[PDB]
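As stored in entry.cif (mmCIF, C-alpha atoms and all ligand atoms):
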```cif
data_protein
loop_
_atom_site.label_atom_id
_atom_site.label_comp_id
_atom_site.auth_asym_id
_atom_site.auth_seq_id
_atom_site.Cartn_x
_atom_site.Cartn_y
_atom_site.Cartn_z
CA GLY A 1 159.01 141.60 137.59
CA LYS A 2 156.32 139.06 136.72
CA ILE A 3 154.70 141.05 133.87
CA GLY A 4 156.75 140.48 130.72
CA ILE A 5 156.55 143.50 128.38
CA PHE A 6 157.99 142.47 125.00
CA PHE A 7 158.66 145.15 122.37
CA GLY A 8 160.33 145.42 118.99
CA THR A 9 161.55 148.65 117.43
CA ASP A 10 163.43 150.32 114.62
CA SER A 11 163.44 154.03 115.54
CA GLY A 12 162.85 153.68 119.26
CA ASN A 13 159.25 154.73 119.75
CA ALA A 14 158.11 151.26 120.77
CA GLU A 15 160.96 150.92 123.27
CA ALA A 16 160.04 154.24 124.81
CA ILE A 17 156.35 153.22 124.99
CA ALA A 18 157.18 149.85 126.57
CA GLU A 19 159.16 151.75 129.20
CA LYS A 20 156.33 154.14 129.93
CA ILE A 21 153.94 151.24 130.42
CA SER A 22 156.32 149.42 132.74
CA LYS A 23 156.54 152.44 135.06
CA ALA A 24 152.78 152.95 134.94
CA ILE A 25 151.86 149.31 135.59
CA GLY A 26 154.72 148.41 137.88
CA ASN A 27 156.02 144.96 138.71
CA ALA A 28 157.25 144.54 135.14
CA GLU A 29 160.26 143.57 133.03
CA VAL A 30 160.89 145.14 129.61
CA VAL A 31 162.32 142.77 127.02
CA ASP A 32 163.49 143.45 123.47
CA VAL A 33 162.07 140.70 121.28
CA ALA A 34 165.16 140.81 119.07
CA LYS A 35 166.92 139.06 121.97
CA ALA A 36 164.00 137.14 123.45
CA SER A 37 163.52 133.39 123.21
CA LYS A 38 160.53 131.06 123.34
CA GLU A 39 161.71 129.68 126.72
CA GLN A 40 162.09 133.10 128.25
CA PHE A 41 158.72 134.11 126.81
CA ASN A 42 156.92 131.19 128.43
CA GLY A 43 158.49 132.13 131.74
CA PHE A 44 155.75 134.73 132.15
CA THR A 45 152.05 134.14 132.70
CA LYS A 46 151.19 137.80 132.08
CA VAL A 47 152.48 139.67 129.05
CA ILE A 48 152.19 143.02 127.26
CA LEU A 49 153.09 142.99 123.57
CA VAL A 50 154.00 146.36 122.09
CA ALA A 51 154.64 146.29 118.38
CA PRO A 52 155.07 149.01 115.72
CA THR A 53 153.47 148.55 112.28
CA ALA A 54 155.79 147.96 109.31
CA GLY A 55 155.08 148.68 105.66
CA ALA A 56 151.90 147.19 104.23
CA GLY A 57 150.63 146.62 107.75
CA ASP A 58 153.07 143.86 108.52
CA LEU A 59 155.02 143.35 111.73
CA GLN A 60 158.28 145.09 112.55
CA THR A 61 161.14 142.75 111.60
CA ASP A 62 162.23 141.73 115.10
CA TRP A 63 158.64 140.81 115.91
CA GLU A 64 157.90 138.85 112.75
CA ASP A 65 160.90 136.60 113.40
CA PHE A 66 160.15 136.13 117.09
CA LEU A 67 156.45 135.48 116.44
CA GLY A 68 157.36 132.88 113.85
CA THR A 69 158.90 130.70 116.54
CA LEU A 70 155.68 130.86 118.55
CA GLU A 71 152.45 128.88 118.22
CA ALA A 72 148.98 129.48 119.63
CA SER A 73 149.60 126.91 122.37
CA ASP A 74 152.27 129.24 123.81
CA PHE A 75 149.65 131.96 124.32
CA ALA A 76 146.99 129.62 125.67
CA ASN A 77 147.83 129.97 129.37
CA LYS A 78 148.64 133.66 129.44
CA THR A 79 146.82 136.92 129.93
CA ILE A 80 147.71 139.22 127.05
CA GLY A 81 147.73 142.93 126.37
CA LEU A 82 148.41 144.31 122.88
CA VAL A 83 149.87 147.74 122.17
CA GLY A 84 150.36 148.73 118.55
CA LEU A 85 152.06 151.78 117.04
CA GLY A 86 150.98 153.42 113.80
CA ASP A 87 150.77 156.44 111.50
CA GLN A 88 147.05 157.07 110.87
CA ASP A 89 147.63 160.04 108.56
CA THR A 90 150.33 158.62 106.30
CA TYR A 91 148.79 155.12 106.36
CA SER A 92 145.01 155.60 106.58
CA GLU A 93 144.35 152.09 105.28
CA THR A 94 146.75 150.03 107.40
CA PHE A 95 146.59 151.88 110.71
CA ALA A 96 148.49 149.91 113.35
CA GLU A 97 147.84 146.48 111.86
CA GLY A 98 150.94 144.76 113.23
CA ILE A 99 149.05 144.00 116.44
CA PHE A 100 146.51 142.10 114.40
CA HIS A 101 149.17 139.63 113.29
CA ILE A 102 150.20 138.99 116.88
CA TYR A 103 146.48 138.64 117.58
CA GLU A 104 146.29 135.71 115.15
CA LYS A 105 147.98 133.56 117.74
CA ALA A 106 147.35 135.55 120.92
CA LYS A 107 143.58 135.03 120.65
CA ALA A 108 144.37 131.53 121.97
CA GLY A 109 144.95 132.99 125.44
CA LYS A 110 143.09 135.63 127.40
CA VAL A 111 143.30 138.99 125.57
CA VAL A 112 142.34 142.19 127.36
CA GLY A 113 142.69 145.90 126.78
CA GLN A 114 140.48 146.32 123.72
CA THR A 115 140.09 150.03 123.05
CA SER A 116 137.51 152.33 121.51
CA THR A 117 138.18 153.86 118.11
CA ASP A 118 137.16 157.34 119.29
CA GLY A 119 139.86 159.92 118.72
CA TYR A 120 141.32 158.38 115.58
CA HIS A 121 141.06 159.13 111.87
CA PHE A 122 141.85 156.38 109.36
CA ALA A 123 140.22 154.34 106.60
CA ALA A 124 140.86 150.65 107.31
CA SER A 125 142.74 148.43 109.77
CA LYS A 126 142.56 144.70 110.45
CA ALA A 127 143.35 145.70 114.03
CA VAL A 128 139.65 146.53 114.44
CA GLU A 129 137.40 143.64 115.46
CA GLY A 130 133.79 144.25 116.45
CA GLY A 131 134.03 147.99 115.90
CA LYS A 132 136.67 148.02 118.61
CA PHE A 133 140.48 148.07 118.78
CA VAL A 134 142.03 144.70 119.61
CA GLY A 135 144.34 146.54 122.04
CA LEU A 136 145.91 149.91 122.84
CA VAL A 137 146.90 151.97 119.80
CA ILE A 138 149.50 154.72 119.82
CA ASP A 139 150.46 157.37 117.29
CA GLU A 140 153.83 159.00 117.97
CA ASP A 141 154.13 160.60 114.54
CA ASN A 142 150.74 162.30 114.78
CA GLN A 143 149.33 162.09 118.30
CA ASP A 144 152.27 162.13 120.71
CA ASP A 145 150.24 164.61 122.77
CA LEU A 146 147.70 161.94 123.73
CA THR A 147 149.98 159.03 124.59
CA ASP A 148 150.64 159.75 128.26
CA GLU A 149 146.94 159.95 128.99
CA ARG A 150 145.97 156.95 126.84
CA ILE A 151 148.53 154.68 128.49
CA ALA A 152 147.20 155.97 131.80
CA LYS A 153 143.57 155.17 131.01
CA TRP A 154 144.59 151.81 129.53
CA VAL A 155 146.67 150.79 132.54
CA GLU A 156 143.61 151.76 134.58
CA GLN A 157 141.22 149.60 132.53
CA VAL A 158 143.44 146.54 132.26
CA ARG A 159 145.11 147.03 135.64
CA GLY A 160 142.75 144.61 137.37
CA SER A 161 143.26 141.96 134.69
CA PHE A 162 146.94 141.73 135.65
CA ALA A 163 148.15 140.53 139.05
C1 LIG B 201 159.04 151.69 106.28
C2 LIG B 201 157.85 152.08 107.19
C3 LIG B 201 156.59 151.57 107.03
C4 LIG B 201 155.46 151.92 107.88
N1 LIG B 201 154.24 151.35 107.64
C5 LIG B 201 153.21 151.65 108.40
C6 LIG B 201 151.90 151.05 108.15
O1 LIG B 201 151.71 150.24 107.22
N2 LIG B 201 150.90 151.42 108.98
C7 LIG B 201 151.04 152.35 110.08
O2 LIG B 201 150.06 152.58 110.74
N3 LIG B 201 152.27 152.91 110.32
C8 LIG B 201 153.31 152.61 109.54
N4 LIG B 201 154.57 153.18 109.78
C9 LIG B 201 154.69 154.13 110.91
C10 LIG B 201 155.11 153.40 112.19
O3 LIG B 201 154.18 152.38 112.57
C11 LIG B 201 155.24 154.35 113.40
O4 LIG B 201 156.01 155.54 113.01
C12 LIG B 201 155.92 153.70 114.60
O5 LIG B 201 155.96 154.66 115.68
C13 LIG B 201 157.36 153.23 114.35
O6 LIG B 201 157.87 152.63 115.56
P1 LIG B 201 159.41 152.53 115.92
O7 LIG B 201 159.94 153.93 116.02
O8 LIG B 201 159.42 151.80 117.32
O9 LIG B 201 160.09 151.68 114.87
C14 LIG B 201 155.70 152.87 108.96
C15 LIG B 201 157.01 153.39 109.11
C16 LIG B 201 158.09 153.05 108.29
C17 LIG B 201 159.45 153.65 108.51
#
```
Starting from the file, lay out its structure as structure tokens.
Ligand SMILES: Cc1cc2nc3c(=O)[nH]c(=O)nc-3n(C[C@H](O)[C@H](O)[C@H](O)COP(=O)(O)O)c2cc1C
Amino acid sequence: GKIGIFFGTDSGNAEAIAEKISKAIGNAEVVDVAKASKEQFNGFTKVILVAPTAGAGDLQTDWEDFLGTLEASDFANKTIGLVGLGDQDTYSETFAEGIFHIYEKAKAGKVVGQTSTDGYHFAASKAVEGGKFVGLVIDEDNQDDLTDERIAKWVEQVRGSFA
């Protein structure tokens, strides 16, 4: 209920991921950003932002438009978790960068869930700050076989940060 998990998708991967996190974290509400509003968004104090990476490393359409109506002040009082989707093989130099764009404003609040870069193969990605991943990264086009465990470990790590 209280944990707002906002996602945006084109194919459906993100939606499916958001759903898997909800079940694994519990006490959560999945919300498609394409229908979300600023008012609804601020109704939560804890949020998990799952966003797929569009061409060039930019945000999926739904997300870019929703994010544009948000300022840093809106993230200030929240605890935030970022989950990005990407294709590390086809896009070695833009791997899951969408998240980074959300990060530009989300850094105003309390961000948690930074992940190690071990187990990935790519060239560049703004999503990496301090030799670490700004949040959880998922690859459904190349590493679908590692998702279920990654979400599990992530939920474990960040679990305590949410309540
Ligand atoms: C037009 C297009 C552009 C993409 N650009 C990138 C990119 O720049 N970096 C990346 O890591 N993945 C990129 N991808 C792969 C997606 O991030 C990945 O497949 C994701 O799972 C898509 O999520 P969705 O099914 O929820 O829309 C792109 C996919 C498409 C169709």
If we count all atoms listed in the file, what is near segment 51-56 of chain A at a cut-off of 7 Å, once residues fewer than 3 positions away on the same chain are taken out, given as a PDB file with C-alpha atoms, keeping the file's coordinate frame?
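Once written, around37.pdb looks like this:
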```pdb
ATOM      1  CA  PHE A   7     158.660 145.150 122.370  1.00  0.00           C
ATOM      2  CA  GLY A   8     160.330 145.420 118.990  1.00  0.00           C
ATOM      3  CA  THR A   9     161.550 148.650 117.430  1.00  0.00           C
ATOM      4  CA  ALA A  14     158.110 151.260 120.770  1.00  0.00           C
ATOM      5  CA  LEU A  59     155.020 143.350 111.730  1.00  0.00           C
ATOM      6  CA  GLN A  60     158.280 145.090 112.550  1.00  0.00           C
ATOM      7  CA  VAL A  83     149.870 147.740 122.170  1.00  0.00           C
ATOM      8  CA  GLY A  84     150.360 148.730 118.550  1.00  0.00           C
ATOM      9  CA  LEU A  85     152.060 151.780 117.040  1.00  0.00           C
ATOM     10  CA  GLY A  86     150.980 153.420 113.800  1.00  0.00           C
ATOM     11  CA  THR A  94     146.750 150.030 107.400  1.00  0.00           C
ATOM     12  CA  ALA A  96     148.490 149.910 113.350  1.00  0.00           C
ATOM     13  CA  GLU A  97     147.840 146.480 111.860  1.00  0.00           C
ATOM     14  CA  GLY A  98     150.940 144.760 113.230  1.00  0.00           C
ATOM     15  CA  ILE A  99     149.050 144.000 116.440  1.00  0.00           C
TER      16      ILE A  99
END
```
Atom pair atom CA of residue 141 of chain A / atom CA of residue 111 of chain A: separation (Å): 26.6 Å
Figure out the distance between atom CA of residue 122 of chain A and atom CA of residue 65 of chain A, please, to one decimal in Å.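 According to the coordinates, atom CA of residue 65 of chain A and atom CA of residue 122 of chain A are separated by 27.8 Å.
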From A:28, A:87, A:22, A:16, residue lying nearest residue 1 of chain A [all atoms listed in the file]: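 Using all atoms listed in the file, residue 1 of chain A sits closest to A:28.
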Kindly indicate which residue among A:43, A:131, A:57, A:119 lies nearest to ligand LIG 201 (chain B), using only C-alpha atoms and all ligand atoms for the distances.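 Among the listed residues, the smallest separation from ligand LIG 201 (chain B) belongs to A:57.
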List every protein, DNA or RNA residue that has an atom no more than 7 Å from (157.6, 149.2, 130.2) in the file's coordinate frame, counting only C-alpha atoms, and report them as a list in words.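 Here the neighbourhood of the point contains residues 5, 17, 18, 19, 20, 21, 22, 23, 28, 29 and 30 of chain A.
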Ranking A:118, A:161, A:89, A:48 by minimum distance to residue 135 of chain A and counting only C-alpha atoms, which one comes first?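 Closest residue, counting only C-alpha atoms: A:48.
Distance-wise, atom CA of residue 106 of chain A and atom CA of residue 15 of chain A end up 20.7 Å apart.
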Place a sphere of radius 6 Å on (161.2, 141.4, 116.0) in the file coordinates and name every protein, DNA or RNA residue with an atom inside or on its surface, counting all atoms listed in the file; give the answer as an MDAnalysis selection string. chainID A and resid 8 33:34 60:66
Determine the nearest neighbour of residue 38 of chain A from the options A:143, A:75, A:26, A:10, counting all atoms listed in the file.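 Result for the nearest residue to residue 38 of chain A: A:75.
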Counting only C-alpha atoms, what is within 7 Å of residue 47 of chain A, bar same-chain residues fewer than 2 positions away, as a PDB file with C-alpha atoms, keeping the file's coordinate frame?
```
ATOM      1  CA  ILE A   3     154.700 141.050 133.870  1.00  0.00           C
ATOM      2  CA  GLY A   4     156.750 140.480 130.720  1.00  0.00           C
ATOM      3  CA  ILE A   5     156.550 143.500 128.380  1.00  0.00           C
ATOM      4  CA  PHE A  44     155.750 134.730 132.150  1.00  0.00           C
ATOM      5  CA  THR A  45     152.050 134.140 132.700  1.00  0.00           C
ATOM      6  CA  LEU A  49     153.090 142.990 123.570  1.00  0.00           C
ATOM      7  CA  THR A  79     146.820 136.920 129.930  1.00  0.00           C
ATOM      8  CA  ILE A  80     147.710 139.220 127.050  1.00  0.00           C
ATOM      9  CA  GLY A  81     147.730 142.930 126.370  1.00  0.00           C
TER      10      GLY A  81
END
```
Using only C-alpha atoms, the best pick from A:95, A:42, A:160, A:155 as closest to residue 137 of chain A would be A:95
Option closest in space to ligand LIG 201 (chain B), from A:39, A:149, A:156, A:58 [counting all atoms listed in the file]: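 The closest residue to ligand LIG 201 (chain B) is A:58.
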Write out as a VMD selection string the residues lying within 9 Å of residue 76 of chain A, counting all atoms listed in the file and excluding same-chain residues fewer than 3 positions away. chain A and resid 72 to 73 79 105 to 110
Produce the centre coordinates and the three edge lengths, each in Å to one decimal, of the box along x, y and z that contains all listed atoms of ligand LIG 201 (chain B) with 4 Å added on each side, as lines of an AutoDock Vina configuration file.
```
center_x = 155.1
center_y = 152.9
center_z = 111.8
size_x = 18.0
size_y = 13.3
size_z = 19.0
```
